[PDB]
Structures are given as structure tokens and as C-alpha cells.
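Colleague: Starting off with a structure, shown below.
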Amino acid sequence: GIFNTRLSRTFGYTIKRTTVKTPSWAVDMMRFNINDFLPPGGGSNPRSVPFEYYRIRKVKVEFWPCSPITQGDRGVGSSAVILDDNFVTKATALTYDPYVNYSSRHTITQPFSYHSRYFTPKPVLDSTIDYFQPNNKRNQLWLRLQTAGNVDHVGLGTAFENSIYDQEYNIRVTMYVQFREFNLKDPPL
Amino acid sequence: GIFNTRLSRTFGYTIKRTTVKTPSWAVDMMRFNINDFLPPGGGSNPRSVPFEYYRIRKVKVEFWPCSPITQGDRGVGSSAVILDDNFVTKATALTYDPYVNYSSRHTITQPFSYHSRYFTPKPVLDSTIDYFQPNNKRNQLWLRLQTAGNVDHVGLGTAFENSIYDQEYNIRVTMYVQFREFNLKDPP
Amino acid sequence: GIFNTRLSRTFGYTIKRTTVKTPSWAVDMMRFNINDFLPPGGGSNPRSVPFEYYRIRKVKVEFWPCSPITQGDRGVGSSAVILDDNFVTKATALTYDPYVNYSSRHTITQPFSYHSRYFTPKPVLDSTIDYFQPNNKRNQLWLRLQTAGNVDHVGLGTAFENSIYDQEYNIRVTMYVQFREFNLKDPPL
Amino acid sequence: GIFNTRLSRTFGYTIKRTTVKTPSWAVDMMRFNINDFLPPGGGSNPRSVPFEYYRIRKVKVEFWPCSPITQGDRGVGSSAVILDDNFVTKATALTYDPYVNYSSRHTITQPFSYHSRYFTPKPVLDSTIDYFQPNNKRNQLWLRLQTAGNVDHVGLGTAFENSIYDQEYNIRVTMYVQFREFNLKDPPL
Amino acid sequence: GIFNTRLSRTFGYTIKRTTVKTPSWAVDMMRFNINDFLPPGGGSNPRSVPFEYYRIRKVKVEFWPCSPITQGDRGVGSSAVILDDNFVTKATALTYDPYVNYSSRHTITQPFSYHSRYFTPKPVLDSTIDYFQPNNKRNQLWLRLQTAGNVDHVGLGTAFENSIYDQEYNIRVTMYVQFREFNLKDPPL
Amino acid sequence: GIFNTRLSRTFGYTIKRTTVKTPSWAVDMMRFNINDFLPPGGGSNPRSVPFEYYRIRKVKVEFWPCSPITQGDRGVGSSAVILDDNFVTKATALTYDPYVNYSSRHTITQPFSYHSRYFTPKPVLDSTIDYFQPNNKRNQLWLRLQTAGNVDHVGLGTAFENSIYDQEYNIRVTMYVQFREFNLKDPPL
Ligand SMILES: O=C(O)[C@@H]1O[C@@H](O[C@H]2[C@H](O)[C@@H](NS(=O)(=O)O)[C@@H](O)O[C@@H]2COS(=O)(=O)O)[C@H](OS(=O)(=O)O)[C@@H](O)[C@@H]1O[C@H]1O[C@H](COS(=O)(=O)O)[C@@H](O)[C@H](O)[C@H]1NS(=O)(=O)O
């Protein structure tokens with residue numbers, strides 16, 4: 001019983017100002033979990049979408065700027081796809097862009113420019129070995145939609161060039177999911 | 001955001017014995033409401049299934065017997081589709097079968113036999129005037145999925161020949177619905 | 001169980017004389033109900049036609065004159081189709097023909113001339129909103145054939161030019177109906 | 001104004017037990033009249049189906065058993081079509097099956113078995129001469145739908161083998177009729 | 001007597017400022033009635049467009065901004081189509097965008113960006129059951145053009161992200177309507 | 001914004017009796033103005049049909065008789081088309097039919113006979129020079145729909161033969177007009 005749908009979530013991210021003169025970059029990570037998109041249900045149905053299995057097909061991360069188009073001290077960054085839960089260490093002012101030479105690098109124009117990334121994440125099945133599957137719609141694993149313990153999906157790391165002014169963003173993540181085995185429970189009343 | 005699916009429910013129905021000698025029948029109706037099939041949800045989502053709209057396509061009533069095959073005093077009855085919520089009056093022992101001559105009559109063997117009906121019900125918009133639409137998948141209306149006030153649908157009435165023994169059935173209903181407008185809400 | 005048939009009914013209508021010199025018109029309305037065409041039945045069958053549902057397909061209103069061909073002070077009127085239960089107010093001597101500029105106006109030659117109107121009426125489902133369906137034989141609503149409370153169908157308004165002489169008519173309404181679900185009940189005797 | 005429809009009626013028939021050891025048969029007859037299927041009407045319409053003429057096209061006699069499938073002392077009988085109102089005399093325990101060598105004989109398995117007969121009856125126009133028409137849909141006579149004096153149609157006789165146990169049946173007769181000349185009368189009220 | 005035309009109306013909407021730091025959204029509703037587009041007439045014609053029936057085909061809601069392109073604290077919202085008169089409750093600062101996961105969601109870039117929505121509304125025939133028709137130009141119901149009591153059409157709800165600055169808009173609604181049965185009345189003078 | 005419609009108006013005309021023995025004719029004129037067909041509107045819309053420009057395409061003058069078919073002293077007259085506002089002088093009993101030799105003459109049988117004339121009128125732009133355009137649907141001038149000062153259109157003159165009895169008529173003029181530039185005004189309320 002397949003049901004392809006779309007789940008979204010919005011949150012903020014700010015790159016604080018720095019008095020540093022050099023071009024330094026701010027590094028951060030981004031994971032994706034389905035608990036943040038799918039709330040708990042009620043009653044005999046533990047989740048709000050009554051299905052048993054799921055598998056995330058795609059994610060769309062949108063960096064919607066919060067800064068005016070008149071803001072100066074512009075910069076240039078990079079967003080890369082990291083499917084293994086080993087990101088570059090979080091840094092405030094690093095002397096280089098680590099994600100620049102990555103094959104999945106897209107340039108981030110800053111601060112007042114929109115940046116989208118559309119990709120297929122991978123689940124963290126074993127963080128010790130960090131193995132994942134290649135892209136195959138027919139062979140992608142089905143995970144279970146747990147009650148409160150779903151596994152973290154992974155796949156984006158960023159590097160933003162710091163500035164004299166604060167750079168704020170409203171980040172909207174949209175997960176395109178595919179459920180299976182409609183499992184609604186209908187007790188009496 | 002269409003989503004076809006299937007919902008079901010189970011309950012019992014019995015026909016108490018009668019010392020009457022003549023062939024008499026017992027009458028009873030049957031309504032259909034979605035609140036019985038779809039429990040309430042939790043939190044911001046009032047219903048377990050997050051959509052706004054629905055419109056019933058079909059219903060499948062299943063009279064599963066509870067009796068053995070060796071039971072005697074066999075009889076015969078009838079069921080018919082009634083799309084107005086104005087049925088024949090409920091009765092214990094009536095001297096004729098009202099539902100026999102209706103064009104939508106399907107015979108009912110008794111007591112140990114399976115019986116099924118597969119049709120399109122209709123809603124009750126105005127019980128005074130009792131109007132509805134002909135069968136059309138494209139022009140069917142879209143109803144709202146209320147919080148605790150959904151409308152009763154209709155479409156079946158029955159007539160069972162009485163007997164010396166108690167006739168018990170397990171009734172399974174199955175609905176084929178079609179939702180729209182995925183309306184999930186994700187608070188922090 | 002479809003059964004298309006034809007039901008008729010006959011009644012009178014008179015436009016009384018007036019001493020008024022001007023050309024004035026007499027306005028009146030005309031509704032259609034199935035109780036006036038279908039009598040009550042007997043016994044377990046509440047109606048004389050043993051069916052459950054109905055829907056009126058067409059109506060033929062015939063103004064059969066009662067006046068001789070030698071009658072003078074002739075006039076000219078109008079009949080229009082009003083599918084919403086909001087007619088022009090009934091008037092005895094109105095200074096104009098209200099139904100003249102209606103798109104459904106047919107001229108009524110008076111007094112000794114035959115006038116027919118053949119159209120599809122509409123039921124009064126909500127008199128507050130006054131909504132109706134367009135003409136579609138396949139999508140027309142089925143109403144219930146009630147016992148003594150059927151709903152009024154609507155669709156004709158008239159305007160007759162007054163005269164020094166009385167203008168009488170014998171009006172024959174014929175409804176072309178379509179029933180469904182033969183529901184005869186046969187108790188013993 | 002033709003209207004083909006279907007009228008039904010249900011009643012009981014029992015073959016009482018006998019201590020007789022031999023195989024004996026119980027003989028009985030079955031006539032069909034339209035008064036038992038069509039009740040009287042009400043008012044100016046004397047009958048509930050408002051038509052003038054009729055002619056019975058077919059009849060379906062269904063012997064629905066009332067006995068369990070575990071009942072013993074089973075037997076074998078015969079049902080024949082008798083279109084002339086001269087049946088074998090009614091008998092309780094006759095030493096043979098009279099309807100066995102009839103060209104229209106169908107075997108009746110007893111007691112817990114269903115038996116249907118579908119045929120075209122004939123009316124009793126003259127019981128002295130007992131004449132009837134062959135099967136012709138185009139030339140079949142139209143009778144009048146009388147008020148309380150319709151003529152008996154004929155066409156089935158049976159022979160059931162007796163048993164130590166009582167053999168009950170619920171007999172459902174269905175007549176497929178064809179009416180003509182819709183004659184509804186609509187007085188005022 | 002069909003006459004397709006276009007009726008417009010302009011009004012304001014402001015999202016007041018908030019000292020709240022989080023990303024919160026301001027929720028509001030939008031209904032459409034023909035009294036706000038069609039004024040009352042004069043004399044025997046109760047309305048200014050002399051027709052009897054109407055049905056709204058489409059509506060175009062245009063959010064024309066009032067804010068300069070230099071305004072900061074930009075945001076992102078959502079507009080959805082709600083054809084049933086049960087909107088998300090009006091809120092000043094809600095912690096999420098309710099209309100984000102709706103199938104009819106269009107993103108609203110704020111504050112200095114134009115947003116249009118072009119759709120087919122539905123009338124509020126029964127607010128208790130809240131039933132409506134699918135899109136069909138041939139089967140769409142005709143309503144009556146009442147004098148002062150027309151029924152509210154429905155179909156848009158919004159969610160605007162709040163800001164430190166006031167966000168003003170000039171909203172221009174354009175209804176594309178279709179009238180029927182020209183009913184002009186011409187008394188003497 | 002073109003809208004072709006049809007506007008009507010009804011009024012009386014009587015040819016009084018004369019004791020004169022000779023065959024004499026009664027001459028009269030007939031002009032057409034849109035104020036008599038289109039009433040004043042209400043509010044910001046000065047007219048009831050909300051358009052700016054107009055041009056009359058055709059007019060249908062219908063002489064509907066008021067006299068019985070048994071009336072004697074019958075006669076014969078003439079109706080001609082006069083597109084220039086210079087009619088034959090109005091006369092009570094003229095010794096000849098002036099409109100008889102006109103190229104646009106149609107015979108009027110009197111008194112109990114119907115007479116129609118269907119033609120294209122012309123406006124009175126300059127009564128001193130009396131110039132008009134030939135018939136051309138594509139080149140016909142657009143006039144303005146004034147508030148209370150529209151220009152008179154012209155195009156029919158008649159000659160009725162007098163009689164011992166009074167000859168009454170109900171004259172129904174129907175103008176087929178074509179408007180342009182829908183100009184509805186919708187203030188608030
Ligand atoms: O007691 C609760 O309500 C807990 O709900 C869930 O935690 C939510 C919290 O409910 C929610 N607020 S709400 O408006 O009350 O819904 C918001 O605070 O987020 C928190 C954290 O959610 S997150 O998904 O962890 O981010 C948890 O349940 S669930 O989301 O896993 O379903 C859990 O912490 C609580 O629910 C459990 O307890 C309920 C009450 O009974 S008892 O007193 O705990 O025995 C029980 O009925 C629930 O079934 C149970 N949740 S289960 O699904 O894990 O069984």
C-alpha cells in the first residue's frame with residue numbers, strides 16, 4: 001500500500017559576525033530525521049501517518065535568506081553532500097573552505113541569495129562502518145516507522161564565509177517519502 | 001492529493017427465535033458512518049488519517065454466519081438498497097417480505113449461508129427532501145472530514161425469516177473511500 | 001426500474017375586466033407539484049404509482065382559450081420561464097409587461113389564441129439561496145416521491161394584457177416524469 | 001403502453017408423514033391467479049397497478065426446502081406442466097408416480113433439494129372444452145385486469161414421495177406479466 | 001443570456017510587527033462575496049448588473065506589496081486553497097506554518113514580492129456538512145443574484161511570517177463571473 | 001466589450017373615425033430614442049445597462065391590432081422608411097396615400113391585420129443637412145449612451161386609411177442594440 005507524499009519543516013540558522021579580517025569560513029552539519037517531520041499520533045495508532053514502513057526518496061534543503069539585498073561584505077561558500085555521518089568538524093572561523101573541492105560542491109552566494117540542494121539521503125545503519133547503498137529506486141531499503149526512535153538520515157554539510165554583519169537564514173527542509181502497509185487500527189468507542 | 005484505501009469494522013447481529021408457526025420475517029435497517037471506522041487522532045491532528053476531504057465509492061457488507069450447517073428450520077429472506085434514510089419500519093415478525101419485489105433485491109438463503117452486497121451508498125444531506133446524485137465517479141461530491149460530526153450514509157435494509165432457533169451472524173463492513181488534501185501539521 | 005410516463009391536470013384561469021383605458025398587464029405565477037397530478041394510493045402503497053423516486057423531465061403548459069374568435073379588444077402578453085421561486089409580484093393592472101425583455105419570453109396573443117410552453121422545471125431545494133441545476137438528463141437529481149409533502153417545482157410566469165371583456169382560459173399542465181425502484185407491497189388477504 | 005414487470009408471492013406446502021412402508025406418492029395441484037399477486041387499489045383506481053389489460057408471459061415456481069441436509073428417508077418425485085385444469089386427483093399415498101412418464105416431467109429430489117420450474121401458463125377460458133394457445137409472444141391473448149374476478153391460470157402438478165418425517169417447503173411463485181393501456185384516474189382533492 | 005465579465009475590488013492587509021525572536025507566522029482567512037463587487041442598483045432593478053443568476057468561475061487574488069525592496073528581515077510563507085469554510089484558526093504568532101504541507105500551497109516570498117493565486121472557489125451551501133462540487137464548467141451550479149443576501153464563496157487561507165517591521169499589502173481580488181437571464185425592467189417615466 | 005441584446009417597448013396608436021365619405025388617409029410619424037427603452041440607473045452608474053457606447057443595429061416595429069376580425073369598412077395603407085427626420089406632414093384626412101410610391105413601401109392591410117417592419121435606423125446627427133450612412137455593420141458609428149439626452153433615431157412613417165369605426169393598435173418596438181466598453185463602478189458600502 002504505497003503512498004508517496006511530502007513533509008516539510010522550517011528552522012533557523014545564523015552565522016554570527018566576526019572581527020577577523022581574513023576570509024574565514026564557518027562549518028556546520030545537517031542531519032535529517034523523520035521525528036522532526038512526522039509527529040506522534042494518538043491512541044492505538046502511534047504515529048499520525050498510519051503506515052508501517054518508510055523510505056526517504058529525496059530531500060530538498062532550501063536556504064531562504066533573511067538579509068536585505070543591500071547588505072555588503074558579501075562572500076562565497078560551498079554545500080556538499082555527505083552520506084556517512086563523518087562531517088568536517090564544526091568550526092567558527094576556519095582559514096579555508098573544506099567543501100570546495102568536493103565533487104558534490106555547489107557554490108553558496110551570500111548573504112541575500114537563495115540556495116537549494118536536492119538529493120537522496122542515506123540512513124545511518126552502522127556508524128562504525130558507515131556503509132550505504134547507491135541510488136536505486138527499486139532496491140532501496142524499507143525502514144520501519146518507529147514510535148520515538150527513528151534513525152537519522154544524513155547528507156548535507158555547509159561552509160559559510162563569515163562577515164562583519166550577521167547572516168541569518170530560514171532553512172526549509174522538505175522530505176519526499178514513500179510509505180507502505182497502511183495499518184490503521186479502529187477500536188470501538 | 002488523492003488517496004484511495006480500505007476501511008473495515010465488525011459487529012454482531014442476531015435474530016431471536018419465535019414460537020410463531022407462520023412464515024414471518026424480521027426487518028432491520030443499516031446505516032453507515034465514518035466515525036465508527038476512523039478513530040480520532042491526537043494533538044493538532046484531530047483525525048488519525050491526515051486529510052481534509054473524503055467521498056465514499058463503494059461498500060461491501062458481509063453476512064458471515066455463526067451457525068452450523070446442520071441447523072434445520074431453514075428459511076429465505078431478502079436485502080435491498082435504500083438511499084433515503086426512510087426505511088420500512090423495524091419489525092419482529094411481519095407476515096410478508098417487504099423487500100422482495102424491490103428491483104435491488106438479492107435473495108438471502110438462511111441460516112448458514114454467506115451473503116454479500118457491493119454498492120454505492122449515498123449521504124443524507126436533507127432528511128426532509130431526501131435527494132441524491134446518480135452514480136458518477138467524476139461528479140461525486142467531496143465531503144469534509146469533521147471533528148465529531150460526520151454525516152450518516154445509508155444504503156441497506158433487510159428482511160430475515162424467523163425460526164425456532166436463534167440465528168446469529170457476524171457482520172463485516174468494508175468501505176472504499178478516497179481522500180484528498182493532505183493536511184498534516186508538524187508543530188515543534 | 002425506470003418508467004417514463006405522462007401525467008396531466010386541468011384547471012381554470014381568468015383575467016377579469018378593467019375600466020382602465022391604458023394598456024395594463026395582469027401578472028401571475030405558476031408552480032408545479034406532483035401531489036396535484038398523482039393522488040394518494042391505498043393500503044401499504046402510499047401512492048397510486050408504486051415507485052420510490054422521481055424526477056420531472058419536462059412540463060407542457062397549454063393555455064386553451066375559452067373565448068370566441070369574434071372577441072375584440074385584443075392584446076399581447078408574455079410568458080417566461082422562472083426557475084427560482086422569485087416571480088414578479090402579482091399585479092392586477094401593471095403599467096408594463098415585466099416578462100417582455102426576458103430571454104425566455106414567448107408572445108401571448110390574446111384572447112382566442114392557443115399558447116404552449118415546453119420546458120424543464122427545477123425543484124425548490126433551498127428557497128433562501130435558490131440554486132438549481134442546468135439541463136442534463138444524465139445528472140438530474142432523483143427526488144423521493146413523498147406521501148403528502150412533495151416539493152414544489154417552478155418555472156412559469158405570465159403577463160396578460162387586460163381588456164374590457166373577461167378573458168378565460170382552461171390551463172392543461174402535462175408533466176413528463178421518470179420514476180425508479182418499483183416498490184409494490186403485496187400483503188395477504 | 002406496455003410495462004413488463006415481475007410479481008411474487010410466497011406460501012407453504014407440507015407433505016405429512018406416513019407409517020406406510022411402501023413407496024407411495026402424494027399428489028397435489030397448483031393454479032395461479034393474479035389476485036394473489038396484485039392487491040386491490042384505492043379510490044377511482046380499482047387495482048394497485050394502473051393498467052387495463054394483462055397477459056402472463058412466464059411463471060417461476062421455486063420449491064425452497066425447509067428441511068435439513070441431514071434428513072433421511074429421502075425420495076424422488078416429479079413435477080409436470082398441466083395447462084388444462086384437469087389434474088391427477090389429489091392423493092395422500094398413491095402407489096405410483098403419475099407424473100413420471102409425462103413429457104414435461106422434471107425429477108424432484110427430496111427433501112432438502114431445490115426445485116424450479118419455468119414455463120408459460122395458460123388461462124382457463126372454457127373449462128368444459130379446455131382449449132389453449134401454443135406459445136407465441138406476438139399472438140398471446142390479452143385478458144382484462146378485473147377488479148375482484150380474474151381468471152385462474154394453470155400449469156403445474158406435483159408428486160412427492162412420502163416419508164417417515166414431515167417434508168415442508170416454502171413455495172415462491174414469481175409471475176412475469178405484461179400490462180397495457182395505462183389508465184390512471186386523477187380526480188381533484 | 002450568458003454574459004461573462006470581470007469584477008474587481010481592492011483592500012488592505014497588514015501584518016503588524018513583533019518583538020518575538022523566533023520564526024512565527026500570522027494566519028488569516030479570506031472569503032469572497034459578490035455584494036462587495038456588485039453594488040445595489042436603482043429602481044425596479046435591484047442590482048446594477050441586470051441579470052438573475054450567476055456562478056463564479058475563477059478568482060484572482062493579487063498581493064501587491066506596499067514595502068520597499070530595501071526592507072530586511074525577509075521571510076517565507078504559504079497560501080493554500082480552502083474550499084470548505086473551516087480555516088486554520090486566526091493567529092498572531094504561531095510557531096509553525098500550517099499551510100506548508102497543503103497540496104495547494106504556493107510559497108509567499110515576503111515582504112516586497114508579488115503573489116498571485118488563480119483558482120475556482122466554491123459556495124457555502126451547507127456549513128454543517130461542507131459539501132462542494134469538483135471543477136466542471138458544464139455542471140457548475142447557478143446561484144441566484146440576491147438583493148442583499150448573497151452567499152459567501154470561499155477558497156483562500158494564508159500564513160505570513162512575522163517581522164520586526166510592518167508588512168503592508170494592497171490586495172486586489174478579481175472575480176470572473178458568468179451571469180444568465182437578462183432581466184431588465186423598463187417602467188414608464 | 002461587446003454585448004448585443006434586445007430592448008422592447010409597447011404603446012398605443014388609434015386612427016379615429018371620420019364621417020368623410022371619400023377614401024382619405026391619416027398620416028403620422030414614428031421616431032425611436034433609447035431613453036424610452038433604457039431607464040436611468042442608480043448611483044455611480046447613470047444608466048441601467050452599464051456600458052459607455054451604443055449603436056442601434058435594427059428595429060422591429062409591430063402593429064398588433066386591437067380590432068376584431070369581423071370589423072368592416074376595411075382599408076389599405078402604406079408604411080415607408082424615412083431615415084432623415086423630414087416626414088410627410090401629419091394629416092387627419094388626406095386625399096391620397098403619400099407613402100404609396102415609396103421604394104420602401106409595404107402595404108398595410110387594415111384593421112385586423114398584423115404589420116411588421118424590420119430595418120436599420122439612422123441617427124439625427126445634423127437636422128439641417130440630414131446626412132446618414134449606408135448600411136455597413138463594420139463602419140457604423142458608435143454613439144455615446146448619454147444620461148438624459150440621447151439622440152433620436154428615425155426611420156418610419158405611416159399612412160392609414162380612415163374608417164367609420166375607430167382603428168386601435170398596440171405598437172411594440174424592439175430595438176436590437178450593440179453596446180461597448182463595460183463601465184461598471186463599484187464604490188464601497
Ligand atoms: O506523554 C506524552 O505526551 C509524550 O508524547 C511524546 O513526546 C512529545 C510530546 O507529546 C509533544 N507534545 S503533545 O502536544 O503533548 O503531543 C512535544 O512535547 O514533543 C514531545 C517529544 O516528541 S519527540 O517525538 O520525542 O520529539 C512521546 O511519545 S511519542 O511521540 O513517542 O509518541 C512520549 O515522550 C510521551 O508519550 C507517551 O506517553 C503517553 C502518555 O502515557 S504515559 O503517561 O506516558 O503512560 C502515551 O499514551 C503515549 O502512547 C506514549 N508515546 S509512544 O508512542 O512512545 O508510546
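Quick note on naming: the chains in the C-alpha cells go A, B, ... in the order shown, residues restart at 1 in each chain, and ligands are numbered from 1 in order of appearance.
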List the neighbours of segment 52-64 of chain A out to 7 Å using only C-alpha atoms; skip same-chain residues closer than 6 positions along the sequence, and give me the result as a count of residues only.
Modeller: 28
Colleague: Given a cut-off of 8 Å, what residues near ligand 1 show up using only C-alpha atoms and all ligand atoms, put as a PyMOL selection string?
Modeller: (chain A and resi 35-36+39-44+46-47+147-149) or (chain B and resi 42-44+187-188)
Colleague: Mind listing as a ChimeraX atom specification which residues of chain B are within 6 Å of chain D, counting only C-alpha atoms?
Modeller: /B:72-74
Colleague: Include C-alpha atoms and write out the residues we just selected as a PDB file, in the first residue's frame.
Modeller:
ATOM      1  CA  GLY B  72     -32.792 -27.064  10.447  1.00  0.00           C
ATOM      2  CA  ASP B  73     -35.880 -24.909  10.052  1.00  0.00           C
ATOM      3  CA  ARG B  74     -34.218 -23.211   7.110  1.00  0.00           C
TER       4      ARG B  74
END
Colleague: Under the rule that only C-alpha atoms are counted, which of E:45, E:163, E:103, E:79 is the nearest residue to chain F?
Modeller: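 With only C-alpha atoms as the atom set, the closest residue is E:45.
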Colleague: Please find the residues of chain C near chain F - the criterion being any atom within 9 Å, counting only C-alpha atoms - and write them as an MDAnalysis selection string.
Modeller: chainID C and resid 22:23 69:76 96:97 100:101
Colleague: Selected residues, C-alpha atoms, written as a PDB file, in the first residue's frame, please.
Modeller:
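In the end it all went to result-v1.pdb:
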ATOM      1  CA  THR C  22     -54.326  52.450 -20.654  1.00  0.00           C
ATOM      2  CA  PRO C  23     -52.611  49.228 -21.697  1.00  0.00           C
ATOM      3  CA  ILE C  69     -62.798  34.305 -32.188  1.00  0.00           C
ATOM      4  CA  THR C  70     -65.109  37.322 -32.546  1.00  0.00           C
ATOM      5  CA  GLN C  71     -63.972  38.885 -29.267  1.00  0.00           C
ATOM      6  CA  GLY C  72     -62.379  42.289 -29.621  1.00  0.00           C
ATOM      7  CA  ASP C  73     -60.091  44.455 -27.523  1.00  0.00           C
ATOM      8  CA  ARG C  74     -57.309  42.030 -28.322  1.00  0.00           C
ATOM      9  CA  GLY C  75     -53.933  42.257 -26.670  1.00  0.00           C
ATOM     10  CA  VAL C  76     -50.398  40.946 -26.445  1.00  0.00           C
ATOM     11  CA  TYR C  96     -45.884  47.477 -18.385  1.00  0.00           C
ATOM     12  CA  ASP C  97     -45.098  43.895 -19.335  1.00  0.00           C
ATOM     13  CA  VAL C 100     -41.180  41.127 -22.188  1.00  0.00           C
ATOM     14  CA  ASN C 101     -37.396  41.521 -22.188  1.00  0.00           C
TER      15      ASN C 101
END
Colleague: Give me, as number ranges by chain, all polymer residues having an atom no more than 9 Å from residue 1 of chain B, counting only C-alpha atoms and skipping those fewer than 4 positions away in the same chain.
Modeller: A: 5; B: 51, 179-182; E: 102-103
Colleague: Take the residues from that selection and put them in a file with N, CA and C atoms, as a PDB file, in the first residue's frame.
Modeller:
ATOM      1  N   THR A   5       4.257  10.973  -0.473  1.00  0.00           N
ATOM      2  CA  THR A   5       3.835  12.293  -0.043  1.00  0.00           C
ATOM      3  C   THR A   5       5.061  13.166   0.197  1.00  0.00           C
TER       4      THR A   5
ATOM      5  N   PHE B  51      -6.182  13.914   6.284  1.00  0.00           N
ATOM      6  CA  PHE B  51      -6.715  14.569   5.106  1.00  0.00           C
ATOM      7  C   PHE B  51      -7.902  15.418   5.530  1.00  0.00           C
ATOM      8  N   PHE B 179      -9.645   9.977  -0.217  1.00  0.00           N
ATOM      9  CA  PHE B 179      -9.339  11.208   0.486  1.00  0.00           C
ATOM     10  C   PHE B 179      -8.692  12.216  -0.455  1.00  0.00           C
ATOM     11  N   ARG B 180      -8.431  13.402   0.082  1.00  0.00           N
ATOM     12  CA  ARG B 180      -7.866  14.494  -0.689  1.00  0.00           C
ATOM     13  C   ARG B 180      -7.302  15.523   0.275  1.00  0.00           C
ATOM     14  N   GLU B 181      -6.338  16.300  -0.214  1.00  0.00           N
ATOM     15  CA  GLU B 181      -5.811  17.456   0.509  1.00  0.00           C
ATOM     16  C   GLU B 181      -5.156  17.037   1.829  1.00  0.00           C
ATOM     17  N   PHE B 182      -4.034  16.342   1.673  1.00  0.00           N
ATOM     18  CA  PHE B 182      -3.124  16.029   2.767  1.00  0.00           C
ATOM     19  C   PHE B 182      -2.862  17.254   3.627  1.00  0.00           C
TER      20      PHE B 182
ATOM     21  N   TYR E 102       0.188  21.643   2.687  1.00  0.00           N
ATOM     22  CA  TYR E 102      -1.005  21.527   1.871  1.00  0.00           C
ATOM     23  C   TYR E 102      -0.645  21.323   0.413  1.00  0.00           C
ATOM     24  N   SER E 103      -1.441  20.500  -0.262  1.00  0.00           N
ATOM     25  CA  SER E 103      -1.223  20.215  -1.665  1.00  0.00           C
ATOM     26  C   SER E 103      -1.386  21.440  -2.545  1.00  0.00           C
TER      27      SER E 103
END
Colleague: To one decimal place in Å, what is the distance between atom CA of residue 166 of chain C and atom CA of residue 30 of chain C?
Modeller: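 If I compute the distance from atom CA of residue 166 of chain C to atom CA of residue 30 of chain C, I get 20.0 Å.
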Colleague: In Å to one decimal, how far is atom CA of residue 78 of chain C from atom CA of residue 160 of chain C?
Modeller: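 These two atoms are separated by 6.9 Å.
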Colleague: Got a sec: who's within 9 Å of residue 127 of chain C, counting only C-alpha atoms, leaving out chain neighbours fewer than 6 positions off, as a list in words?
Modeller: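 Contacts, with the query itself left out: residues 84, 85 and 86 of chain C.
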Colleague: Keeping only N, CA, C and O atoms, write the selected residues to a file as a tab-separated table (two decimals), in the first residue's frame.
Modeller:
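File part_10.tsv, as written:
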chain	number	residue	atom	x	y	z
C	84	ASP	N	-36.71	29.71	-10.14
C	84	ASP	CA	-36.12	30.04	-8.85
C	84	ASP	C	-37.08	30.51	-7.77
C	84	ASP	O	-36.62	30.86	-6.68
C	85	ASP	N	-38.39	30.54	-8.01
C	85	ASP	CA	-39.37	30.84	-6.98
C	85	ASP	C	-39.30	32.29	-6.53
C	85	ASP	O	-39.66	32.61	-5.39
C	86	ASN	N	-38.84	33.18	-7.40
C	86	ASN	CA	-38.92	34.62	-7.18
C	86	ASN	C	-39.50	35.21	-8.45
C	86	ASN	O	-38.78	35.55	-9.39
Colleague: Identify, with DSSP run on backbone atoms, the residues in segment 41-107 of chain C assigned to strand (DSSP E), and express the list as a PyMOL selection string.
Modeller: chain C and resi 41-42+45-47+51-65+75-80+91-94+106-107
Colleague: Atom CA of residue 82 of chain C and atom CA of residue 25 of chain C, how far apart in Å?
Modeller: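 Atom CA of residue 82 of chain C lies 18.0 Å from atom CA of residue 25 of chain C.
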Colleague: Any idea what's packed within 8 Å of residue 49 of chain C, counting only C-alpha atoms, ignoring anything in its chain fewer than 2 positions away? Could you give it as JSON, numbers by chain?
Modeller: {"C": [38, 41, 47, 51], "D": [48, 49, 50]}
